[PDB]
Each structure stands twice: as structure tokens, then as C-alpha cells.
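There are 2 protein chains.
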Amino acid sequence: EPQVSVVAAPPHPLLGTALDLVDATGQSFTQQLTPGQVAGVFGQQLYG
Amino acid sequence: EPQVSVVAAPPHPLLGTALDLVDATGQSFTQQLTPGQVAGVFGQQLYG
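Chain order of the listed sequences is B and A. Everything in the first sequence is counted per the authors' numbering, starting at 919 for the first residue and increasing by one. Everything in the second sequence is counted per the authors' numbering, starting at 919 for the first residue and increasing by one.
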């Protein structure tokens, strides 16, 4: 591994990775949440 | 597991994954090739 490294902070968990799609007029981002993650992020319940 | 009927063919190796950016006017795709894959796909050498 290189001895040099950046701080590599994690993405804000609702927007995820930014796309660098070439001809884009404005930036866009995507995330997948697994069944394990969803119950950790969706911290409120309505009627269960 | 769900019923195994879910499975489908792999992506064409350098065309990769089709995106679904919502308001896109025509489809786009991306691939990452890691170094061991690069030597597998780039089957010609010029001057080494």
C-alpha cells in the first residue's frame, strides 16, 4: 500500500456516491441501503 | 434465499452496469476495471 493517504471521509448515508457522468448539466448522487442498514437509518416508526 | 429464478447473465465486461439516473434523456453505463482485470481485457501489447 502507498504510505500517502487522504482522510477518506464516508459519504452522508442518504446521498452516497456522487456520479461524474460526463455530459451532465448538474451533479447527481445515488445510494443503496441494505435490509441491515435500513432499520439503523429509519429511526422512527409509525404504527410499527 | 428466494427462489433461484432471480439469476441473470453477467454484464459485457467493458460496457458494465446500466445506470438509471431518473431524468436522463438516453441511457448511460459505467465500468471499473481493477488491475488484474485490465491485463485480461487488454489482450494486445504495443511495444510492451
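Using N, Cα and C, we set each Cβ at its ideal position, and we do this for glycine too.
Across the set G944(B), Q949(B) and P953(B), the C-alpha of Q949(B) shows the shortest separation from the C-alpha of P928(B). From the listed residues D941(B), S946(B) and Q945(B), the smallest Cα separation to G944(A) is found for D941(B). If you look at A926(B), you'll find it isn't in any beta strand (DSSP E); DSSP assigns it neither H nor E. Contact residues of the segment 933-961 of chain A toward chain B are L939 and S946 (C-beta to C-beta distance below 7 Å). DSSP, read as helix, strand or coil, puts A936(B) in strand.
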